[PDB]
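Enquirer: Quick one: the structure is below, and I'll ask about it shortly.
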Amino acid sequence: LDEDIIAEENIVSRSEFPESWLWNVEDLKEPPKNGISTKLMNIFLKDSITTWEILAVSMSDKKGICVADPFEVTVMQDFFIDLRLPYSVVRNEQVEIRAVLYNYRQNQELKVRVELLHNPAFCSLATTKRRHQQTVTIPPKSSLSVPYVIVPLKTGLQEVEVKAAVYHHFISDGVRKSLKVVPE
Amino acid sequence: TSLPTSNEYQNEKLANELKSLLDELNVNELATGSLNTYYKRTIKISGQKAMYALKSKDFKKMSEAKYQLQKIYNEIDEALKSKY
Amino acid sequence: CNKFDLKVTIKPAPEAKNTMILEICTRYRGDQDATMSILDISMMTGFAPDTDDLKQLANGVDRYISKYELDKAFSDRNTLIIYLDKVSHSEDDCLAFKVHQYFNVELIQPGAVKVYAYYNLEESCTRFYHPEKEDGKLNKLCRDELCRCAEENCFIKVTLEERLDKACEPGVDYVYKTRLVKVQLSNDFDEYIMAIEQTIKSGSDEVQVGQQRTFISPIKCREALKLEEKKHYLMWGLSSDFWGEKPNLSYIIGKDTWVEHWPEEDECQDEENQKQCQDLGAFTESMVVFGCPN
Amino acid sequence: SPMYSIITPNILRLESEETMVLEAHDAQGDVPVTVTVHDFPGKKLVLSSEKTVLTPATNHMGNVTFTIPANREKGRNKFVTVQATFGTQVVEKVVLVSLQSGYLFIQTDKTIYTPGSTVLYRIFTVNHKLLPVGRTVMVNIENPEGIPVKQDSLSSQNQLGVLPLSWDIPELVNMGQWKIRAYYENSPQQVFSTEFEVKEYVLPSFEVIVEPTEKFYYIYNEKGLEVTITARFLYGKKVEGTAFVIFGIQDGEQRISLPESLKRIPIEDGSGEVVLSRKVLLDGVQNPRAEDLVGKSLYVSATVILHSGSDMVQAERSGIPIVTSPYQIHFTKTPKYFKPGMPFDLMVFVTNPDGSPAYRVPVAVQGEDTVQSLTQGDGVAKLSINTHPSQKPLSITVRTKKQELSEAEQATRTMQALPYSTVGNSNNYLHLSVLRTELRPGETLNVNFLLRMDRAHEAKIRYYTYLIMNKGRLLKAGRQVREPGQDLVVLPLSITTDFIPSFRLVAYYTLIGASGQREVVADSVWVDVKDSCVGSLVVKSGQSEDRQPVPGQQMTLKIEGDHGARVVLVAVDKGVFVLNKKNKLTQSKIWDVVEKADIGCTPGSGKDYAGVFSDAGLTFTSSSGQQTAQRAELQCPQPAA
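Residue numbers (UniProt numbering), protein chains in the order written: chain A, 751 to 934; chain B, 33 to 116; chain C, 1358 to 1372, 1380 to 1520, 1526 to 1663; chain D, 23 to 95, 100 to 667.
Spelled out as structure tokens, the structure:
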């Protein structure tokens, strides 16, 4: 934690992955200009690293039901993790989750100490005191997949969480997805 | 004594610009509490950049970082204004 | 499993001192030979496939590995897909390739092999492999349904105060001197019916001196162990090592527990065992009359 | 001899404003008129309030505005008798009415949900003018075996036509596209439905797209069907991986896979090439003589795998047509009746096989080699032929004429147009030649009014009476004045957004002539205008310029729309759409709901004066008794091909 690198204590993971959101209802109460009313809106994107697609319908007793085009808002990063979690595992069965490390930097592979977080609801390779990290190399414009065998120990809704940071850069991402443990 | 060299002057300005911020970092980090998770997620990484950058006494890392932290530091103000 | 068969043999190669053979034995449980199908491996951390052996594989027919994957330096290959053109319904269709540890690490994770016909994904089969661990299967401790972990170590220079320290932290709830009655074993988890000879510090277990309680451990920890029934023992651990409801409780051998062979009456007459037999006595009185400093 | 005419929509509607045109032909001074509707049969006096006078100022042309309530009144059409009394004279007609209130559209946040994920939905509620109205609506949520698992009853009042709603999908439940159904409490029969799939899935991190170089396959195409596979992450970035592709043939709903067409190709730099091959299909199913196949379709399923083994994606382009010609030819936008001697404007429709409009494609008729005309961006071609004044059916046959295609590869089609059948076979006609391009609101359209009759009664005709149907209601009804010796008069038609997506124009004149005979000559024309929101709505970016935003970052959204309008927002991880892209809301989907609800069933004209009127959604009843074939069928003529 003075190494040419971020420390895990400081990596605040993304976590909020709605497949949808922004189900609001604004009102164009503004002073019309060229008959066109304009509303500046403030919106906090969601953590997910993907493309969002905003859809808008308008109704105006005068002009009727509108069907605005879709509109594209790409949220991206030059480095980020993919936690590829299946739909559902089965308590006491030992499967393999992938983490896909994406590096989009133009030119210069990436060293990353990527670190599964010690869950108590998992027989990971991680313990209260002892962590689980690899320093691993991802060429540029490509992805290194870093598997992780785990065992889901309690039923209901657990949470995987990964973390990676890159050396010499000070870039870093963390990612907390949840999956569904179902009993035998 | 006399006066410092070129490098010498610039280097010491950057640094004590930089420090100037790291000083009132903690105050900032603390305002994130109310703010949406980005802010926290962001400032923490920006904070370290600095402190390592500052200690590293290298111009690049130091300015580059000087700026990172500047941005966020005002991505906070803008935030807290839409809330009173 | 059922739709697919999976024999995932990991043995070493005769003839570095660290490099080993991986063989994969698959069969389609059907009438026809399944069409195209995937072989999804991932190396045990710090292993990787010998480039020369994998080219050897693609160059054949019935198989193919994508050029993109043949490129990366043997090192960058920390996982890997092998496309099959067929997987007989008839017999095992096998293969194998030298893999090499290039990277010295303790706690090397279980590599795993996965398969399935492109068409349908659910109908997978996932064997695992490992050099030490029997079966790919992590060490986990299971009675009935419930399960807890057991990948930590087994136990752990020793002195009266190394002990009046290490046996007073939070976790410490029990501390017994116990003689061992029955020493069972099973292909899964071996247990110990040990009798408490003196309740040194009572815990969430209301057990009168002399009652028996049942301890368990991973079958993979037989080495650090060794057990001569009628041999007594000094042990202490945390309340989270308790197994199931009361008063049919049971104790979990894990890392936060501590284990030493307590000698015999006339076995402390030795001039080498005295360093211990004296440390113990004192610890007994020290734990009975006063308790812990904090 | 004065004559009074009554003109209404072919089919009225409840709880909405309708309009009917009052006219006084050849009468003097002010004429006061009272209009009344009664239930049929009998008397309920459902609407009498309205009164009006036809001043010599306004050339004796009347405005009727009325709203029929929905009192306690099936399977048998209900009717009404309209009654318009000019002075003492009393004309009336017996029309059809519908319980159909208007439309309903439903929106779901996603196209697909997992067990235990709530489904958000909006019911947009509107009248036949697509204006927000407020009624009471019932809403069911059927499971995939059709059984309502939940209903509510809601009023959309003052709610500006927008009913928010949700439903929490239970933890265990059948998968399988479900359905949300809603109807107006007034009219249960007109039900509205949107679907949504319930499945177990994780989102995919890229999309896969399959594409034939051609939108069809030519049977004699030695190369077989060529297809380019394309993968790219949701964050826009190219994919590396390998992909399994495989084909099949569809017949009706029936589907045969060609097991042998299975190919494994590398997906490099986000793309890959692959191709089913003729000899690959024939025998594939038992190589039973090609041709036959003609009419059937092809499909390709591709399945990509990242080299990391982490994430898979399937995707399939379906029903690619097996055709002997690239283009298809349609006369369903061309009328089926001409006027002998008069130029006939042909609206040929040229679709690619799939169904899409084909641009810049040449067309011409049987007879004349010199006549050609391309296809504007709407898959439409305007050709005009001068017809002979012969009382003989005029059979036309058009044919594609693209260079680089063999005369066997070209596509044709034939239609049959009958002459306009006049009154007493007098030979009096009216033609409306309208310049035909992509009309747009604001642009001004010229309606050529061309008079065809023996100068004998030419001086008599003083004026043309015109009308505009739109979304099946009257949008305007006016007069175009004429002076003797004139055969052509041009009508300046301003074109506002109120015309979208298509409007009908029916002009008629009337006179006494030949042997004291009361006459009506007329003409109807359809003009599909450029379809697009009636007001506007756009959602662009806030920060004029910027780099990509970052996970959790603030971004300013910009919404440019009609003053006072309501907007309802939703943003969806496009990864969903890689699992299901069906059943989304489109404005184009709405225009499609509105056209299929047209009461007018013909592109143009009428077999007789009285057809022009029933073909567009209209009735003409006059004092002199010249009324139109009553309309007592709700839907248009069941397609007879």
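We treat Cβ as the ideally placed atom computed from N, Cα and C, and that holds for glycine.
Along the chain, where does the beta strand (DSSP E) containing C/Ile1446 start, and where does it finish?
Expert: Indexing the third sequence from 1 puts residue 1446 of chain C at position 82. Unbroken beta strand (DSSP E) run through C/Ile1446: 1443 to 1448.
Enquirer: Evaluate A/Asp777 with the Cβ neighbour count: other Cβ atoms within 10 Å of its Cβ, from every protein chain shown; 16 or more gives buried, anything less gives exposed.
Expert: Numbered from its first residue, the first sequence carries residue 777 of chain A at position 27. Its Cβ having fewer than 16 others within 10 Å, A/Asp777 is exposed.
Enquirer: Give a yes or no on whether the minimum CB-CB distance between D/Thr256 and chain A is below 8 Å.
Expert: Locating residue 256 of chain D in the fourth sequence gives position 230, counting from the first residue. So, not an interface residue.
Enquirer: Based on the DSSP output, what are the partners of D/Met581 in its beta bridges?
Expert: Here the question's residue 581 of chain D lines up with position 555 in the fourth sequence. DSSP output for D/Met581 lists A/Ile793 as bridge partner(s).
Enquirer: If contacts are defined as beta-carbon pairs under 8 Å, then B/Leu101 and B/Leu53 qualify, I think. What distance do you get, rounded to the angstrom?
Expert: Within the second sequence, numbered from 1, the residue matching residue 101 of chain B stands at position 69. Within the second sequence, numbered from 1, the residue matching residue 53 of chain B stands at position 21. B/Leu101 to B/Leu53, Cβ: 5 Å. Contact.
Enquirer: Quickly, what does DSSP pair D/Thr56 with across the bridge? List them, please.
Expert: Against the fourth sequence, residue 56 of chain D aligns to sequence position 34. Its beta-bridge partners are D/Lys73, D/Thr111.
Enquirer: Please go through the same chain and pick out, in chain order, the residues whose beta-carbon is closer than 8 Å to the beta-carbon of D/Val602, but skip the five residues on each side of it.
Expert: Along the fourth sequence, read from residue 1 onward, the residue named residue 602 of chain D stands at position 576. For D/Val602, where only same-chain residues beyond five positions count, the Cβ hits under 8 Å are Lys136, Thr137, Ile138, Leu229.
Enquirer: Anything in chain D within Cβ reach of C/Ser1430, meaning under 7 Å, just list it in chain order.
Expert: By one-based count along the third sequence, residue 1430 of chain C stands at place 66. Within 7 Å Cβ-Cβ: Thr268, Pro292, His333.
Enquirer: Taking contact to mean at least 3 C-beta pairs separated by less than 8 Å, is the segment 159 to 172 of chain D in contact with the segment 252 to 265 of chain D?
Expert: No: fewer than three Cβ pairs fall under 8 Å.
Enquirer: Check the C-beta distance from D/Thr491 over to D/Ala533 and give it rounded, since I have them as a contact under 8 Å.
Expert: Looking up residue 491 of chain D in the fourth sequence gives position 465. Looking up residue 533 of chain D in the fourth sequence gives position 507. About 7 Å; that satisfies the 8 Å criterion.
Enquirer: Given 8 Å as the limit, is there contact between the segment 511 to 522 of chain D and the segment 600 to 615 of chain D, that is, 3 or more CB pairs closer than that?
Expert: With a cut-off of 8 Å, the segment 600 to 615 of chain D and the segment 511 to 522 of chain D do not count as touching, because too few Cβ pairs lie within range.
Enquirer: Where does residue 1335 of chain C fall in DSSP's three states?
Expert: Nothing can be reported for residue 1335 of chain C, as the shown portion of chain C is limited to 1358 through 1663.
Enquirer: On the three-state DSSP scale, how would you describe D/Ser614?
Expert: Within the fourth sequence, the letter at position 588 stands for residue 614 of chain D. DSSP places D/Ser614 in helix when its eight states are reduced to three.
Enquirer: Cα separation between B/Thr64 and A/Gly924?
Expert: Residue 64 of chain B sits at position 32 when you count from the first residue of the second sequence. Residue 924 of chain A sits at position 174 when you count from the first residue of the first sequence. B/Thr64 and A/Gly924: Cα-Cα distance of roughly 18 Å.
Enquirer: Note down, in chain order, all residues in the segment 824 to 849 of chain A with a beta-carbon under 9 Å from any beta-carbon belonging to chain C.
Expert: Answer in chain order: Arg841, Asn842, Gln844, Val845, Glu846, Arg848.
Enquirer: Quick one: which chain C residues come within Cβ less than 9 Å of D/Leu288?
Expert: The residue given as residue 288 of chain D occupies position 262 in the fourth sequence. Under the 9 Å cutoff, chain C gives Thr1399, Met1400, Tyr1482.
Enquirer: Determine which residues of the segment 65 to 89 of chain D have a Cβ less than 8 Å from any Cβ of chain A, and write them out in chain order.
Expert: Residues: none.
Enquirer: When you compare only the Cα positions, how much space is there between D/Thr254 and D/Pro238?
Expert: For the purposes of this step, residue 254 of chain D is identified with residue 228 of the fourth sequence, where counting begins at 1. For the purposes of this step, residue 238 of chain D is identified with residue 212 of the fourth sequence, where counting begins at 1. Those two C-alpha atoms are separated by around 6 Å.
Enquirer: Strictly by DSSP, which residues pair up with D/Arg425?
Expert: Within the fourth sequence, numbered from 1, the residue matching residue 425 of chain D stands at position 399. Paired residue(s): D/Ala390, D/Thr438.
Enquirer: Between the segment 1444 to 1476 of chain C and chain D, which residues of the former have a C-beta closer than 7 Å to a C-beta of the latter?
Expert: So the close ones are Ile1445, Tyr1447.
Enquirer: In the DSSP assignment, what residue or residues form a beta bridge with A/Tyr898?
Expert: Within the first sequence, residue 898 of chain A is the residue found at index 148, counting from 1. Answer is A/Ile847, bridged to A/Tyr898.
Enquirer: With DSSP as the reference, identify every bridge partner of C/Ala1476, one or two as the case may be.
Expert: In the third sequence, residue 1476 of chain C corresponds to position 112, counting from 1. For C/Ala1476, which the question treats as bridged, DSSP gives the partners C/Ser1406, C/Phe1492.
Enquirer: Among D/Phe639, D/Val397, D/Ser382, D/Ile348, which one has its Cα closest to the Cα of D/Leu372?
Expert: Along the fourth sequence, read from residue 1 onward, the residue named residue 372 of chain D stands at position 346. For D/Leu372, the nearest C-alpha among the options comes from D/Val397.
Enquirer: What does A/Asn842 pair with, by DSSP beta-bridge criteria?
Expert: Numbered from 1 along the first sequence, position 92 holds the residue referred to as residue 842 of chain A. Note: A/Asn842 sits in no beta bridge, so no partner.
Enquirer: Does DSSP classify D/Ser640 as helix, strand or coil?
Expert: Here the question's residue 640 of chain D lines up with position 614 in the fourth sequence. Looking at D/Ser640 - three-state DSSP - the assignment turns out to be helix.
Enquirer: Under 9 Å Cβ-Cβ, which residues of chain C neighbour A/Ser895?
Expert: Position 145 of the first sequence, counted from the first residue, corresponds to residue 895 of chain A. Correct list: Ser1406, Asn1442, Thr1443.
Enquirer: Considering only DSSP beta bridges, list what A/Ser810 is partnered with.
Expert: On the first sequence, position 60 is the one that residue 810 of chain A refers to. Answer by DSSP bridge pairing, in chain order: A/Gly814.
Enquirer: Let me check understanding here. Comparing Cα to Cα, which of A/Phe767, A/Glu934, A/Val762 lies closest to C/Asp1508?
Expert: Position 144 of the third sequence, counted from the first residue, corresponds to residue 1508 of chain C. Selected option, being the one with the closest Cα: A/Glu934.
Enquirer: Name the chain D residues that come within less than 7 Å of C/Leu1485, Cβ to Cβ?
Expert: Along the third sequence, read from residue 1 onward, the residue named residue 1485 of chain C stands at position 121. Those are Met338, listed as they occur along chain D.
Enquirer: Which residues in the same chain have their Cβ closer than 6 Å to the Cβ of D/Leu611, if we skip the five residues on either side of it in sequence?
Expert: As a first step, residue 611 of chain D must be located in the fourth sequence, where it is residue number 585. Once the five neighbours on either side are set aside, the close Cβ partners of D/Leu611 are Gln133.
Enquirer: With which residues is residue 1521 of chain C paired in a DSSP beta bridge?
Expert: For residue 1521 of chain C, nothing is modelled; it lies in the interval where chain C passes from 1520 to 1526 with no residues in between.
Enquirer: To which residues does DSSP link C/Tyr1620 through a beta bridge?
Expert: Taking the first residue of the third sequence as 1, we reach residue 1620 of chain C at position 251. BP columns for C/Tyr1620 point to C/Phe1584, C/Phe1611.
Enquirer: Put C/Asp1426 into one of helix, strand or coil per three-state DSSP.
Expert: For this step, residue 1426 of chain C is matched to residue 62 along the third sequence. Note: C/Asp1426 maps to coil in three-state DSSP.
Enquirer: In the DSSP assignment, find the unbroken beta strand (DSSP E) run with D/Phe270 in it and report its ends.
Expert: Looking up residue 270 of chain D in the fourth sequence gives position 244. Note, D/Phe270: beta strand (DSSP E), 267 to 277.
Enquirer: Are any of the Cβ atoms in chain D nearer than 8 Å to that of B/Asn106?
Expert: As a working mapping, residue 106 of chain B is identified with position 74 in the second sequence. It does not: the Cβ of B/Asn106 has no partner Cβ on chain D nearer than 8 Å.
Enquirer: Secondary structure at D/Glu237, three-state DSSP: helix, strand or coil?
Expert: Within the fourth sequence, the letter at position 211 stands for residue 237 of chain D. Looking at D/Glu237 - three-state DSSP - the assignment turns out to be strand.
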